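Chemist: So I've got this experimental structure, pasted below with the sequence.
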Amino acid sequence: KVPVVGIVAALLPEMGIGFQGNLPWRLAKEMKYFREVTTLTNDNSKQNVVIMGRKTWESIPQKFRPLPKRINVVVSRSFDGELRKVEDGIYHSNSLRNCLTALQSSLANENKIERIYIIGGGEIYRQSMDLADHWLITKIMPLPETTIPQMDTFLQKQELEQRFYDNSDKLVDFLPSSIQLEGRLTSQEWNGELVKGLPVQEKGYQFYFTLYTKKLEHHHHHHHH
Ligand SMILES: NC(=O)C1=CN([C@@H]2O[C@H](COP(=O)(O)OP(=O)(O)OC[C@H]3O[C@@H](n4cnc5c(N)ncnc54)[C@H](OP(=O)(O)O)[C@@H]3O)[C@@H](O)[C@H]2O)C=CC1
Ligand SMILES: CC[C@@H](C#Cc1c(C)nc(N)nc1N)c1cc(OC)c(OC)c(OC)c1
């Protein structure tokens, strides 16, 4: 009953997200968006959860982790159980799926979690296409004179577009209420695809905050007792 939201910054057209254990760009304004969206809540007495693969945890500078003011969950197959507190602000889980089931228990969470953000791993993102209710995708494009950065990790665009549609018309309303953006909603063509969302430019890059939402589903079966 808590929304599960993938949040990722991806370079078009291949949707590259990483290179050699790190982000392929350093964009302060995109960091800011990610920080604000995952931190802020509409209900002041709730926090969000952020879930991340082990390798992504290890990529965060020691100073900056665990991410302040959000419940941090790190998943590793070598960890001990489905959701276990190991330190202030840090939970360990040995299973993405079971930790999500554990976070959803209103007995455990007291209805004091507002959203669950999946904040990456390429490998984590691969397994979240079936788990996430929405995706917040920052679609990044190199500007004309900008060198395309090398990349070795990618968002699964095929599986995204199978399950989700571009709901970016509703991006503004979706975001926690107290965030202000600099763009207006814009639809732009870029290398033969439609890019729609809230525009920013920084360094050699143009980027759009977008929202994707699960497509409507037919009613095939509902479990009865
Ligand atoms: N552009 C963006 O918005 C973002 C990009 N990235 C990028 O992604 C890259 C890292 O991704 P990747 O290398 O795929 O690693 P991940 O961050 O996805 O972590 C992979 C590890 O997570 C653990 N794991 C995976 N699935 C599960 C599961 N189902 N249950 C329990 N543990 C699991 C395993 O850990 P173990 O081996 O210990 O068992 C696995 O080795 C980096 O380049 C990073 O910069 C990361 C976040 C955001
Ligand atoms: C936790 C993984 C990654 C991310 C992301 C991420 C970003 C940037 N943007 C979007 N739209 N989605 C994401 N999921 C990240 C790496 C860092 O070290 C280099 C961070 O410290 C500075 C950081 O704190 C902010 C966050």
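Modeler: That came in fine, so what should we check first? Numbering: from 1, shown residues only. Ligands and ions are numbered 1, 2, ... in the order given.
Chemist: Could you pull out the helices in this structure for me?
Modeler: 28-39, 54-59, 96-104, 106-109, 122-128, 157-163, 171-174 (DSSP state H).
Chemist: So for ligand 2, which of those helices sits nearest?
Modeler: Distance to ligand 2, taken as CB to the nearest ligand atom, is lowest for helix 28-39 among the helices of the chain, at 3.6 Å. The C-beta positions use only the backbone N, C-alpha and C, and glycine is treated the same way.
Chemist: hmm, who's touching that closest one?
Modeler: Applying CB atoms under 8 Å, 6 or more residues apart in numbering, the external contacts of helix 28-39 come out as 7, 9, 48, 50, 67-70, 117, 119, 136, 138, 140, 175-176, 179, 200, 202, 207, 209.
Chemist: and if you look at stretch 78-95?
Modeler: 66, 68, 70-77, 98-99, 101-103, 108.
Chemist: Identify the residue spatially nearest to the residue nearest the centre of the chain, adjacent ones excluded.
Modeler: The chain has residue 7 as the residue nearest its centroid, 1.3 Å off, counting by CA atoms, centre = their mean. Closest residue in space to residue 7, ignoring its immediate chain neighbours: residue 136 at 4.3 Å, by CB to CB, 6 or more residues apart in numbering.
Chemist: give the contact list for that neighbour.
Modeler: Per CB under 8 Å, 6+ apart, neighbours of residue 136: 5-8, 37, 209-212.
Chemist: in stretch 196-216, what counts as buried?
Modeler: Neighbour-count burial for stretch 196-216 flags 196-200, 204-213 (criterion: 16 or more other CB atoms under 10 Å).
Chemist: start to end distance for that stretch?
Modeler: The straight-line separation of the ends of stretch 196-216 (CA to CA, to the nearest Å) is 20 Å.
Chemist: How far does it sit from its chain's centre?
Modeler: Taking the mean of its C-alpha atoms, stretch 196-216 sits 13 Å from the chain's own mean (CA atoms, centre = their mean, to the nearest Å).
Chemist: Do any residues in that stretch lie close to ligand 2?
Modeler: No: judged by CB under 6 Å from any ligand atom, stretch 196-216 and ligand 2 are separated, with a smallest distance of 8.0 Å.
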